[PDB]
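Shown next, in structure tokens, is the structure this report addresses.
There are 2 protein chains.
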Amino acid sequence: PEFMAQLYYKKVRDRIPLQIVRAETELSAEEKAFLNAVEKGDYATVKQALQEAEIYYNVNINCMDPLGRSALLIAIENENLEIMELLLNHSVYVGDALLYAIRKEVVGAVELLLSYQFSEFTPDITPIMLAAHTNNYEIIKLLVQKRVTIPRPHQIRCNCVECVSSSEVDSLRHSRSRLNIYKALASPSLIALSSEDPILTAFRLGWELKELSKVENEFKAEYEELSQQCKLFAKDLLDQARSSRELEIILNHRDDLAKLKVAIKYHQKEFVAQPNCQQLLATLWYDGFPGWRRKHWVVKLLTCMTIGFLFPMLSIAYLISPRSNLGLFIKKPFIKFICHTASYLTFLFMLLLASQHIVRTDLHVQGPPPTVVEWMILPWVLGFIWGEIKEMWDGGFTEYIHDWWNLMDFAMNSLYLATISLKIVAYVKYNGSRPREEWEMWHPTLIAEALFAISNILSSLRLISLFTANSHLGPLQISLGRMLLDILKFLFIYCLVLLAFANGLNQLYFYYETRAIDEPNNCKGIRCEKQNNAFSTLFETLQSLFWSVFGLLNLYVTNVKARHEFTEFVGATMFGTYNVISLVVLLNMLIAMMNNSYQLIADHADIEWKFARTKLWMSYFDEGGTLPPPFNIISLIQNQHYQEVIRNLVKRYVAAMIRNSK
Amino acid sequence: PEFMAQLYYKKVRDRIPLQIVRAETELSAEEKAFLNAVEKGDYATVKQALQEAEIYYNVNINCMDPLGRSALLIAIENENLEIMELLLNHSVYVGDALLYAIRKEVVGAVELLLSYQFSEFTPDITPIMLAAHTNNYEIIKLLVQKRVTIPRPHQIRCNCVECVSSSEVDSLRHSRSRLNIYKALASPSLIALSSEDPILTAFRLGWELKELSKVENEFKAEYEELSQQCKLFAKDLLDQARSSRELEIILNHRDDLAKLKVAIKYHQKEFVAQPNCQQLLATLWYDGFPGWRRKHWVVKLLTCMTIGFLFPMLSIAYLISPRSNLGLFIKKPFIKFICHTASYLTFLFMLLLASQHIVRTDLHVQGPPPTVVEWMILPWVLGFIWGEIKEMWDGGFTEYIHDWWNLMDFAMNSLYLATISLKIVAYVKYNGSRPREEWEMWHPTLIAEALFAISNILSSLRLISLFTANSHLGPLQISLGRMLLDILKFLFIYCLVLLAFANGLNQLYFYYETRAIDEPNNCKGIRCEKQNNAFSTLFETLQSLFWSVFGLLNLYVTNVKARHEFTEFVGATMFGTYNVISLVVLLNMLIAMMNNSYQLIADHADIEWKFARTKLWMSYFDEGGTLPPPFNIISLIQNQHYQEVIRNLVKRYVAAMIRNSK
Ligand SMILES: CC(C)CCC[C@@H](C)[C@H]1CC[C@H]2[C@@H]3CC=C4C[C@@H](OC(=O)CCC(=O)O)CC[C@]4(C)[C@H]3CC[C@]12C
Ligand SMILES: CC(C)CCC[C@@H](C)[C@H]1CC[C@H]2[C@@H]3CC=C4C[C@@H](OC(=O)CCC(=O)O)CC[C@]4(C)[C@H]3CC[C@]12C
Ligand SMILES: CC(C)[C@@]12C[C@@H](OC(=O)CO)[C@@](C)(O1)[C@@H]1CC[C@@H](C)[C@H]1[C@@H]2OC(=O)/C=C/c1ccccc1
Ligand SMILES: CC(C)[C@@]12C[C@@H](OC(=O)CO)[C@@](C)(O1)[C@@H]1CC[C@@H](C)[C@H]1[C@@H]2OC(=O)/C=C/c1ccccc1
Ligand SMILES: [Zn+2]
Ligand SMILES: [Zn+2]
């Protein structure tokens, strides 16, 4: 019989003889009696046993069970306060007994041990850290009353001698100690009890823990859980506000919604999207419309279009006399938003009018003067450039870059400046009226028109950022922008496959490159009626494979004039393999990946959209940037009140979490 | 070492010194003894302590624990009735102790406190409101027996001085109080106990709470949960009916299925789809077919086709003598449905015959007389118009608009009237027989034919509303109609992207617009053999991008006669970016969004379909609208019985929920 040998033992028949491999020194019969007495609760028996153990040495006071728990730990686990006290009086080893009492979360034993080998706890654990890991307000309060400390963690990217030495001598212990310290600090009970500003402490700690999660590639999930715990603590403190006065004291605290800007800076999405914060925000947003929420959608539409049609009137009123019954009407955030959206929509309307023929120049004049539509477009372009440079001046490139729409605006304005410069060059370097079919490939007028059309696409696509303000379009934009990332990752794999097959196809077909004269209509490439030279060059092959993704590459492009049937079959099979790999493997990768990411989105989409809409709204609360283009180019008592409100909220939160335990 | 400073404290080294930041005034040692005695249960100790506290002032009767719970609250939490009574006799502060007793849900303590700082409850909470939030029948009954009140909530869109003042002084408190009142009113135990009509109260309250959820944009989920709680209460009351007499007493109550029409009006889908309600409905529906359920599908098919083939016979019998053995056969809802479906199918068959050549006119006569097929079509068209105007007359535009199929019928009838009017105009304004290739672009005959073909599409698509009557097609229609909404939202984003890229492409290519004479077959646009001028105008560009979505736009359209290689590459790259953005980004948005919405559908699809089928069935229970086109154009004891049935159902429901607690 063929047996499975060397399963449990190295020795080289039909049975597995089981013995205790790691045998450990057992206790005496009287020691076992001592531990049985301390487990059972026989106070007199334990008293007699250790009283006689005091006389001689035959009995051990610090006798340790095979499971590692001495008599004191069994007394702790059974909450035998009297046996605990009797053991402590007679000098039982009291190492790490406080930690077991704290983890059991019994206040009496913790008080008793606070008033006077193998461990279940890593050596770095202290009583305050372990109590904070249990989030027990009573025990944490007991330990903080007898003034304790928690070691201060270093910066994430620290290079001091301590850090470089601990992480090189013992990396596992150093990482564990760091995580334990952060678990203690991120404790809602410890923040509530011992933080001067619990809400700011939760903000900063959640931020730093998210950053650690990024940096500490392993142990990422624990740091993410700690960050979420801090965020939920801050949001649950905000949940405890009972009046609008408390909420405005919290949100306006600075150390006009200062604490809310701090929350937006730290990406405290849950805190910001808290319903009372959002209700206060919507009250500030609809300043001129107290009854906006209770209006009918037709009334809303007529009011919005009325304010939009009058944005030049409101802007001119603000310019002429800002402090007037009409000057400061555009100072309202919602009116300001309507006026800015109207200004931008008129800009896009003029962009549309540019390509029409309402007023038009001859298409055969090289370097023409600007059209009156282009003349009217220019003030908006200058206003957008001025607004973006003002934004970067007021925010720094570190905040300018953080916005993707801001980079898109940068590209838009760069293309518009290039269009103006190319139009100037064409105007001052060409005088005649050469027919357009005679113009060179890189004529500045042709390049100016191309750049202007790209600018038009970008400007019109800039409207998707206004979706955030809508209850229905906002979450859609959040989901779309969040799956753009897996689109990018799939784009990486797709471009690698594309480049591989372009290499192969071009290596095959680059011999049969025909000259453009030899083609039917003197047309070379795949943008002809008769597609030809699809894989003759690398750039063309890349275009051909891209367009094959959409079925716009015909099959006859895989055929050569020489009619080399083996080469034409190998090219057709490379093309077919590319079509299989891309169209029905990687595209379905994209579909499945999008479905997964979209489920993960739809879980949190409401909070994400509310945070984005709060950012959008806050962008209109400030005085700077009131006028839309083209018109933009022409203390101690506060801390006392915050501390009282925080006192009340911490009390309410502590009571709430204590009840939620029960 | 770089430390993370200012984590817990503002002060600007390697340790975090933890102190109690919000220190609160502790109690005396004797006060702590008093609270320890009241927690422990030492009746004699507490009695002695407060008896001696009566003499001097050294002890405080109203001593309050750091956790905010005084001695009375600890007695309540431990259900110490005797200590509670002794404390109440000696004048302990009794503020908000009833609320803690109610939340603990102990009847003895509530009775004791009903017979004689920091709070865990918001100040607006009253005993009856809190008891209703706990849904405890015993406690609610105790509090209602001692006559109490709940403040009456205002209308959703209220503008009185009270509302405008409370919401401006304290919006958070006002919103909280409104939600608390609605949480109390939506309590199944309070509705069962104190509502004259529990089922109608649940209907109205669920409706109003859904409307509040709509209006109160924040706190939407709480109002939605309250609405669902009301709906489930009504459905669970209906679940308690044990005989068909009780069910017919409930459903026919009016204050012929009056309560069921009220349930349909309030969108009480769960109540309507309750199996016994549906069984009664199916009994009323198959009036002429008692054994319909137990028949074989072939027998059903033969019977249905027999009744359908005889719809003119049944309609004429109803016309000649409505009160006869054959006149009132079409008065049965299922027979009526079969006859209406047959009438409409014959109408669609004649619409199909219209485009055939069984009988046909010369295609070169402008303004021809109607074909005999069109002559036969006319009575159905008149009947449909008459039926829709009768429906709007009997239902008001407010109910007419609520149906989407009703708007589709409006469009159908408008197009049919336009077709008749255009045919009349062509007949009375053209006499000759001009060849059809000579006709003008806007010839009334051509427009009449176009409108008639659109009407044919709409009429044939109107059959999808009959899917509701089928067990398999009905849920499919429900799912399809529910994902049409995310289709619409994606249509918004898609049209924005479409317009952006159409702007760019037209701005690029509008210079190279060739004249239609210069094209191969004198054909301009993308509906030619040689597609050309794809992006020459804005409307054409919009069509070209739309058709590129389906691959019907060829690539050579991105090429100009002038052979401007940079412009042709920029156009091809705009076209490629549009194809990437739309075809493999937004379409996959649609796929993932549809999958999510379809999961949410499939959860409730059965209830949704049963509600829709009940509406369809109820549309055939009424005498008005018996004849299908073209033939349609030629009390106190009841309340007593309802109250007895409601008494029995409320008793059964109360017992059921009490047991479900255990
Ligand atoms: C999509 C095609 C047909 C091009 C149409 C372009 C514009 C006419 C549309 C596209 C996106 C729309 C915007 C989408 C988002 C909104 C939200 C809308 O209502 C709100 O919810 C904001 C007010 C609030 O926060 O209460 C105000 C208008 C606005 C900017 C819309 C204005 C009209 C816009 C610019
Ligand atoms: C799909 C193509 C081939 C065109 C065929 C058109 C009609 C012949 C079909 C399409 C939808 C069918 C309807 C789909 C729904 C039903 C349910 C069917 O059986 C039922 O469940 C209703 C009776 C009941 O409630 O018990 C009765 C016929 C009817 C109207 C069908 C009649 C035949 C219809 C009109
Ligand atoms: C959109 C634009 C950036 C494109 C579109 C081409 O334009 C043309 O070929 C006409 O000249 C061009 C020049 O630039 C490149 C040639 C090779 C490939 C990288 C193409 C680029 O395409 C993608 O980067 C991504 C494509 C994709 C995404 C998802 C699913 C399937 C495909
Ligand atoms: C269907 C009909 C309403 C269309 C179809 C066009 O007809 C033609 O172009 C021939 O003349 C036309 C005239 O009217 C419009 C031109 C531009 C675009 C809005 C088209 C419309 O199309 C959609 O509204 C939506 C399209 C879509 C939806 C989902 C996924 C992908 C695309
Ligand atoms: Zn064997
Ligand atoms: Zn360091």
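Taken in sequence, the protein lines are chains A and D.
Read in order, the letters of the first sequence are residues -2 to 9, 15 to 118, 135 to 273, 286 to 664, 706 to 733 in PDB author numbering.
Read in order, the letters of the second sequence are residues -2 to 9, 15 to 118, 135 to 273, 286 to 664, 706 to 733 in PDB author numbering.
C-beta: ideal position from N, C-alpha, C; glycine also.
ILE487/A vs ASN443/A beta-carbon contact at 7 Å: If you number the first sequence from 1, residue 487/A lands on position 457. If you number the first sequence from 1, residue 443/A lands on position 413. Result no, Cβ atoms of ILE487/A and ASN443/A do not sit closer than 7 Å.
Within 7 Å, strictly: CB atoms of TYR241/A and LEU250/A: As a working note, residue 241/A is residue 223 in the first sequence. As a working note, residue 250/A is residue 232 in the first sequence. Result no, Cβ atoms of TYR241/A and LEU250/A do not sit closer than 7 Å.
CB-CB length for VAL162/D against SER195/D, believed under 8 Å: Position 144 of the second sequence holds residue 162/D. Position 177 of the second sequence holds residue 195/D. The pair is not a contact, with the Cβ atoms about 21 Å apart (cut-off 8 Å).
Contact between the stretch 589 to 609 of chain D and the stretch 489 to 502 of chain D (3+ Cβ pairs under 8 Å): no
Test item: CB-CB of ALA347/D and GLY357/D under 7 Å: Numbered from its first residue, the second sequence carries residue 347/D at position 317. Numbered from its first residue, the second sequence carries residue 357/D at position 327. Closer than 7 Å, so yes.
Any chain D beta carbon closer than 7 Å to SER262/A: Within the first sequence, the letter at position 244 stands for residue 262/A. So yes, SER262/A belongs to the interface.
Sequence-distant residues of the same chain with beta carbon closer than 7 Å to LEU244/A, five excluded per side: Locating residue 244/A in the first sequence gives position 226, where the first residue counts as 1. Result list for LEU244/A: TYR200, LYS201, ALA204, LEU227, in chain order.
Alpha-carbon spacing of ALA372/D relative to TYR608/D, whole angstroms: Within the second sequence, the letter at position 342 stands for residue 372/D. Within the second sequence, the letter at position 578 stands for residue 608/D. If I take the Cα positions, the gap works out to 47 Å.
Residues that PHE0/D bridges to, as DSSP identifies them: Indexing the second sequence from 1 puts residue 0/D at position 3. Answer is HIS172/A, bridged to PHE0/D.
Short-range partners of chain D found in the stretch 396 to 421 of chain A, where Cβ spacing is below 9 Å: none
CB of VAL395/A within 7 Å of CB of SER463/A, strictly: Within the first sequence, the letter at position 365 stands for residue 395/A. Within the first sequence, the letter at position 433 stands for residue 463/A. Taking 7 Å as the Cβ cut-off, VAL395/A and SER463/A qualify as a contacting pair.
Proximity test, Cβ basis, 7 Å: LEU582/A and chain D: Position 552 of the first sequence, counted from the start, is the residue given in the question as residue 582/A. Yes, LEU582/A counts as interfacial toward chain D.
CB contact flag (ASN562/D, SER385/A, <7 Å): Residue numbering aside, residue 562/D sits at position 532 when the second sequence is read from its first letter. Residue numbering aside, residue 385/A sits at position 355 when the first sequence is read from its first letter. Their beta carbons are not under 7 Å apart, which means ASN562/D does not touch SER385/A by this criterion.
7 Å Cβ cutoff met for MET604/D and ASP516/D: Locating residue 604/D in the second sequence gives position 574, counting from the first residue. Locating residue 516/D in the second sequence gives position 486, counting from the first residue. No, these two residues do not count as a Cβ contact at 7 Å.
Per-residue burial, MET471/A [other beta carbons within 10 Å of its own, 16 or more giving buried]: Along the first sequence, one-based indexing puts residue 471/A at 441. Burial call: exposed.
For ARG723/D, the first and last residue of its enclosing alpha helix (DSSP H): Here the question's residue 723/D lines up with position 652 in the second sequence. Its alpha helix (DSSP H) spans residues 707 to 732.
The stretch 137 to 156 of chain A in contact with the stretch 172 to 189 of chain A per 3-pair CB rule at 8 Å: no
Nearest-angstrom beta carbon gap, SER117/A and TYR95/A [assumed within contact, 8 Å]: Within the first sequence, the letter at position 93 stands for residue 95/A. Within the first sequence, the letter at position 115 stands for residue 117/A. That belief does not hold up - the Cβ atoms of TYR95/A and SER117/A are roughly 17 Å apart, past 8 Å.
Contacting positions in the stretch 172 to 188 of chain A - beta carbon closer than 9 Å to chain D: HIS172, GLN173, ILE174, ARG175, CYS176, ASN177, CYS178, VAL179, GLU180, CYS181
DSSP three-state assignment for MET471/D, whether helix, strand or coil: Position 441 of the second sequence holds residue 471/D. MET471/D falls in the coil class under three-state DSSP.
Spatial distance of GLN246/D from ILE143/D (CA atoms): Along the second sequence, one-based indexing puts residue 246/D at 228. Along the second sequence, one-based indexing puts residue 143/D at 125. In a straight line, the C-alpha of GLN246/D is about 23 Å away from that of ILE143/D.
Counted within 10 angstroms of its Cβ, other Cβ atoms place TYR6/A as buried (16 or more) or exposed: Position 9 of the first sequence, counting from 1, holds the residue named residue 6/A. With fewer than 16 other Cβ atoms within 10 Å, it is exposed.
Within the stretch 493 to 519 of chain A, ranges of the beta strand (DSSP E) (whole runs, at least 3 residues): none
Chain-ordered residues, beta carbon under 7 Å from a heavy atom of ligand 5: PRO(-2)/A, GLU(-1)/A
Beta carbon proximity, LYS232/A to chain D, threshold 7 Å: Position 214 of the first sequence, counting from 1, holds the residue named residue 232/A. Taking Cβ atoms only, chain D never reaches closer than 7 Å to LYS232/A, which makes this a no.
Nearest neighbour of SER345/D, chosen from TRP327/D, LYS366/D, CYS334/D [CA to CA]: Within the second sequence, residue 345/D is the residue found at index 315, counting from 1. Checking every option, the nearest Cα to that of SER345/D belongs to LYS366/D.
Proximity to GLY224/D [Cα-Cα], best of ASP392/D, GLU214/D, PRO206/D, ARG17/D: On the second sequence, residue 224/D is found 206 positions in, with the first residue counted as 1. For the residues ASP392/D, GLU214/D, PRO206/D, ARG17/D, the minimum Cα distance to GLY224/D belongs to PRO206/D.
Partners in chain A for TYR5/D, counting only beta-carbon separations shorter than 8 Å: The residue you call residue 5/D lines up with position 8 of the second sequence. Chain A residues near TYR5/D: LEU203, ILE209, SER212, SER213, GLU214, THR219.
Helix, strand or coil at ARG353/A [DSSP, three-state]: As a first step, residue 353/A is located in the first sequence; it is residue number 323 there, counting from the start. Of the three classes helix, strand and coil, the one that applies to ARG353/A here is coil, per DSSP.
CB contact below 7 Å: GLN537/D versus chain A: Within the second sequence, residue 537/D is the residue found at index 507, counting from 1. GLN537/D counts as touching chain A.
Interface flag, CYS558/A vs chain D, CB-CB below 7 Å: Counting from one through the first sequence, the residue named residue 558/A turns up at place 528. So yes, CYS558/A belongs to the interface.
Ligand 4 heavy atom lying under 6 Å from the CB of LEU515/D: Translated into the one-based positions of the second sequence, residue 515/D becomes position 485. No, since every heavy atom of ligand 4 falls outside the 6 Å radius drawn around the Cβ of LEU515/D.
Under 7 Å between C-beta atoms of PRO474/A and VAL458/A: The residue given as residue 474/A occupies position 444 in the first sequence. The residue given as residue 458/A occupies position 428 in the first sequence. No, the pair does not count as a contact, with Cβ atoms beyond the cut-off.
Three or more C-beta pairs below 8 Å linking the stretch 611 to 620 of chain D and the stretch 513 to 529 of chain D: yes
Residues from the stretch 540 to 555 of chain D in contact with chain A, defined by Cβ distance under 7 Å: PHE540, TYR541
N-terminal and C-terminal residue of the beta strand (DSSP E) that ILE143/D is part of: Taking the first residue of the second sequence as position 1, residue 143/D is located at position 125. Element bounds for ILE143/D: n/a, residue is neither H nor E.
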